[PDB]
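**Q** Sending over a structure as structure tokens; questions will come in a sec.
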Amino acid sequence: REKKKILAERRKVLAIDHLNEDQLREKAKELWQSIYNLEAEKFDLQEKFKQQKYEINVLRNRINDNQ
Amino acid sequence: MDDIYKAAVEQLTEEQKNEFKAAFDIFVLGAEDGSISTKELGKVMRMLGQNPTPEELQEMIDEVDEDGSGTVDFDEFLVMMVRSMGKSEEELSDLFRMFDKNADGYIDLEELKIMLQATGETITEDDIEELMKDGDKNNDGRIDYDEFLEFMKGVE
Amino acid sequence: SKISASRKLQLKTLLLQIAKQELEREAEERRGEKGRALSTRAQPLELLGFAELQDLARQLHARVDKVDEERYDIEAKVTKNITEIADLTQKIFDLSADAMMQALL
Ligand SMILES: [Ca+2]
Ligand SMILES: [Ca+2]
Ligand SMILES: [Ca+2]
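Residue numbers (the deposited numbering), protein chains in the order written: chain B, 205 to 271; chain A, 1 to 85, 91 to 161; chain C, 39 to 85, 88 to 135, 150 to 159.
Have a look at this one:
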């Protein structure tokens, strides 16, 4: 019985629990491309993060070696 | 960026080292010591489209004055003529990692030595001796990020 | 010097010739590592019973709200790292010829 939970799990009812099956067949796809594009952004945001750990590890050496 | 200019001087066609040697004997028509000084450089700069300052005149000669005489002789003149005929610091950083295989932040010898053997060319023992100390300008045994830049300035 | 300064340049020019190759292929072991992990994570769809098909779109609808939240908390680490690099980088930062031959010959 949480206010933010009852409303969060209610965005499904208003978005799917209301109409057609051929709207559904052409909506569950659009609801899946949105995920592949969102797990691609997450992939590149991971490879970019690994790379920054190196730039900082190198920069952390330069600020010291040049002291 | 220096020892990149002696590589153009080393590979000048002798058909070019005639035109420059000729244009040098004219350059010095009037000099006592037979070499380009501030007087002869004043002439061919303003009589080419400038009017440089005599304190700035000596700053174009002292850049190739590997003799400290204030005069640009012939061998100092080709080094002047190759400075007037590279690679970005952002691009040399993504390449700096492919050297750093252990991903520490340096390039010890065994990481340079392996990049050299991958070039397909025939490598010697003396090549890796001069090269390692062309970058390791403090003899710590590795080429940190700043050194790897002054190392590869202008390397196409 | 133990070797000519034009071989020293020939060798320098040859190291960077494969470092871009060793990078153009590192960006290909990564182009695939994406698509491979983009079929383990986002396994392609395949079709259902008009009603018990709806309990899938609602699972996809909340899958997104979970994915884009996973994508945020990693973005705010990439974002906070970009802020630190410039904060790091600023610290360490603080520590003619052809016209002559024509007019002489
Ligand atoms: Ca001199
Ligand atoms: Ca290393
Ligand atoms: Ca060093």
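We put the beta carbon where it would ideally sit given N, CA and C, even for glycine.
Whole-angstrom Cβ separation of A:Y111 and A:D139, contact assumed at under 8 Å?
**A** Taking the first residue of the second sequence as position 1, residue 111 of chain A is located at position 106. Taking the first residue of the second sequence as position 1, residue 139 of chain A is located at position 134. The pair is not a contact, with the Cβ atoms about 16 Å apart (cut-off 8 Å).
**Q** Can you say whether A:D141 is buried or exposed, counting buried as having 16 or more other CB atoms within 10 angstroms of its CB?
**A** Counted from its first residue, the second sequence places residue 141 of chain A at position 136. With 16 or more other Cβ atoms within 10 Å, it is buried.
**Q** Once DSSP output is grouped into helix, strand and coil, what is the label at A:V64?
**A** Position 64 of the second sequence, counting from 1, holds the residue named residue 64 of chain A. Looking at A:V64 - three-state DSSP - the assignment turns out to be coil, as it is neither helix nor strand.
**Q** Count the other CB atoms within 10 Å of the CB of A:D105; is the residue buried (16 or more) or exposed (fewer)?
**A** The count along the second sequence starts at 1 and reaches residue 105 of chain A at position 100. Its Cβ being crowded by 16 or more others within 10 Å, A:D105 is buried.
**Q** In terms of residues, what are the limits of the alpha helix (DSSP H) holding A:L78?
**A** Here residue 78 of chain A corresponds to residue number 78 of the second sequence, with the count starting at 1. Residues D75 to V82.
**Q** Could you work out which residues of chain B lie near A:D151, taking near to mean beta carbons separated by less than 9 Å?
**A** Along the second sequence, one-based indexing puts residue 151 of chain A at 146. Residues of chain B whose Cβ lies closer than 9 Å to the Cβ of A:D151 are, in chain order, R266, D269 and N270.
**Q** Among all residues, which have a Cβ less than 6 Å from at least one non-hydrogen atom of ligand 2, and in what chain order do they fall?
**A** A:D105, A:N107, A:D109, A:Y111, A:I112, A:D113 and A:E116
**Q** Would you mind telling me which residues of chain A sit closer than 8 Å to C:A57, beta carbon to beta carbon, in chain order?
**A** In the third sequence, residue 57 of chain C corresponds to position 19, counting from 1. Contact annotation for C:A57 against chain A: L100, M103, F104 and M120 [CB-CB distance below 8 Å, chain order].
**Q** Measure the CB-CB distance between A:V9 and A:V64 and report whether it falls below 7 Å.
**A** As a working note, residue 9 of chain A is residue 9 in the second sequence. As a working note, residue 64 of chain A is residue 64 in the second sequence. No; because the gap between Cβ atoms is not below 7 Å, this pair is not in contact.
**Q** Taking the alpha-carbon positions, what's the A:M80 to A:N18 distance?
**A** For the purposes of this step, residue 80 of chain A is taken as the residue at position 80 of the second sequence. For the purposes of this step, residue 18 of chain A is taken as the residue at position 18 of the second sequence. Near 16 Å, if we compare the C-alpha coordinates of A:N18 and A:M80.
**Q** Let me see if you follow: with CB-CB separation under 7 Å, is C:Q130 close to chain B or not?
**A** Position 90 of the third sequence, counting from 1, holds the residue named residue 130 of chain C. C:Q130 has a beta carbon lying at 7 Å or more from every beta carbon in chain B.
**Q** With distances taken from each beta carbon to the nearest heavy atom of ligand 3, which residues come in below 6 Å, in chain order?
**A** A:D141, A:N143, A:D145, A:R147, A:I148, A:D149 and A:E152
**Q** Taking one C-beta from the segment 233-240 of chain B and one from the segment 112-130 of chain A each time, how about it: are there three or more such pairs within less than 8 Å?
**A** no
**Q** Please check the pair B:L249 and C:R111, which I expect to be a contact at CB under 8 Å, by giving their CB distance rounded to whole angstroms.
**A** Translated into positions along the first sequence, residue 249 of chain B becomes position 45. Translated into positions along the third sequence, residue 111 of chain C becomes position 71. That pair is a contact at about 6 Å.
**Q** With burial defined as no fewer than 16 other Cβ atoms inside 10 Å of the residue's Cβ, what is the status of A:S93: buried or exposed?
**A** Counted from its first residue, the second sequence places residue 93 of chain A at position 88. By the 10 Å Cβ count, A:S93 comes out exposed.
**Q** Can A:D33 be considered in contact with ligand 1, in the sense that its beta carbon sits closer than 6 Å to one or more heavy atoms?
**A** Counting from 1 along the second sequence, the entry for residue 33 of chain A is found at position 33. No, the Cβ of A:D33 stays beyond 6 Å of every heavy atom of ligand 1.
**Q** Which of helix, strand or coil does DSSP assign to A:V28?
**A** Taking the second sequence and counting its residues from 1, one reaches residue 28 of chain A at position 28. Three-state DSSP puts A:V28 in coil, outside helix and strand.
**Q** Select from C:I122, C:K131 and C:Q156 the residue whose C-alpha is nearest the C-alpha of B:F253.
**A** Against the first sequence, residue 253 of chain B aligns to sequence position 49. If we check each option's Cα against that of B:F253, C:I122 comes out closest.
**Q** Determine the closest residue to C:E92 out of B:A212, B:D269 and B:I220, with distance taken between C-alpha atoms.
**A** By one-based count along the third sequence, residue 92 of chain C stands at place 52. Ranking the options by Cα distance to C:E92, first place goes to B:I220.
**Q** Start and end of the alpha helix (DSSP H) containing A:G42?
**A** The sequence position of residue 42 of chain A within the second sequence is 42, counting from 1. Its alpha helix (DSSP H) spans residues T38 to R46.
**Q** Below 9 Å between beta carbons is the criterion; list the residues of the segment 218-230 of chain B that meet it against any residue of chain C, in chain order.
**A** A219, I220, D221, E225, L228 and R229
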